[PDB]
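Enquirer: Return atomic coordinates for the entry below.
(one chain, ligands or ions: 1)
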Amino acid sequence: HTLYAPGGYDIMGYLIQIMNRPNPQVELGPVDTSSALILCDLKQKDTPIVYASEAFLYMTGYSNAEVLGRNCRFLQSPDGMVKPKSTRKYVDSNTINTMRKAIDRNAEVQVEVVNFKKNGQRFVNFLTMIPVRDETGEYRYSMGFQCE
Ligand SMILES: Cc1cc2nc3c(=O)[nH]c(=O)nc-3n(C[C@H](O)[C@H](O)[C@H](O)COP(=O)(O)OP(=O)(O)OC[C@H]3O[C@@H](n4cnc5c(N)ncnc54)[C@H](O)[C@@H]3O)c2cc1C
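Expert: Residues are numbered from 1 along each chain as shown. Provided below are the atomic coordinates:
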């Protein structure tokens, strides 16, 4: 039962924040909303997607209604059914654990993970996740950049 900020999210402000961060642990280069990206809420149950760019929806074949409010791990199965803590049968366990720990620590991370589109099409996702600070100054969200 994820809640969404009425009035939307400051996606542009966050992209600006990310490109201006002082100690980047991963180079991303210039980024904008023309690419596949998602913002998840670190402070809500199971760090749910609260925003997805059209590029992301087009890439994965899923609609807004189908991704919002869910933890993005569903992409790890061709049937979009992935329970938390479960042992994936098509994805590297170490990879999933790497994402998990980085996110838990607000640490930037970049990985290549196997994902599946809504029609079951397998693909390699070059994923980068960067923690984002909201108006309070503390990390509240995480922005993911997906690349096929
Ligand atoms: C902004 C954002 C964008 C994201 N975008 C994507 C995306 O496009 N595609 C995608 O696939 N994911 C994406 N993710 C990742 C996904 O939402 C989860 O964060 C990720 O799957 C790891 O968390 P989890 O809760 O699924 O971990 P878990 O369900 O807990 O799974 C961890 C797995 O690692 C193994 N494991 C755990 N600990 C150890 C250990 N000590 N030794 C060995 N094995 C271990 C387990 O067997 C387990 O199956 C994104 C996350 C964020 C925050």
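Enquirer: Can you tell me the SS state at the residue in the chain that the ligand sits nearest to?
Expert: Nearest residue of the chain to the ligand, counting by C-beta to the nearest ligand atom: residue 144, 2.5 Å away. Using the backbone N, CA and C atoms, a C-beta is placed for each residue, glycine as well. Secondary structure assignment for residue 144 (DSSP: H, G, I helix; E, B strand; the rest coil): strand.
Enquirer: Show me what from this protein comes close to the ligand.
Expert: Taking C-beta under 6 Å from any ligand atom as the contact definition, the chain meets the ligand at 38, 40, 47, 71-73, 75-76, 84-88, 93-94, 96-97, 99-100, 103, 113, 115, 125, 127, 129, 142-144, 146.
Enquirer: Looks like residue 19 contacts residue 31 (just checking).
Expert: Yes: counting by C-beta atoms under 8 Å, residue 31 is a contact partner of residue 19 at 6.7 Å.
Enquirer: which residues do these two both contact?
Expert: Shared contacts of residue 19 and residue 31 (C-beta atoms under 8 Å, 6 or more residues apart in numbering): none.
Enquirer: And the two? Which one has more around it.
Expert: residue 31 (16 against 13; other C-beta atoms under 10 Å).
Enquirer: Which helix or which strand is home to residue 65?
Expert: Using DSSP states H and E, residue 65 sits within helix 64-67.
Enquirer: got the contact list for that helix?
Expert: By C-beta under 8 Å, 6+ apart, helix 64-67 touches 38, 49, 52, 56, 57, 60, 74, 118.
Enquirer: So which of those wins on neighbours?
Expert: For those, neighbours were counted using other C-beta under 10 Å, and residue 60 has the most, 27 neighbours in all.
Enquirer: what's near enough to touch it?
Expert: Contacts of residue 60 by C-beta under 8 Å, 6+ apart are 36, 67, 75, 115, 117, 118, 146.
Enquirer: Next, residue 98: secondary structure please.
Expert: Under the three-state scheme (three-state DSSP), residue 98 adopts helix.
Enquirer: can you give me the strands for the chain?
Expert: Using DSSP state E, the strands assigned to the chain run over residues 37-41, 49-52, 109-116, 122-133, 139-147.
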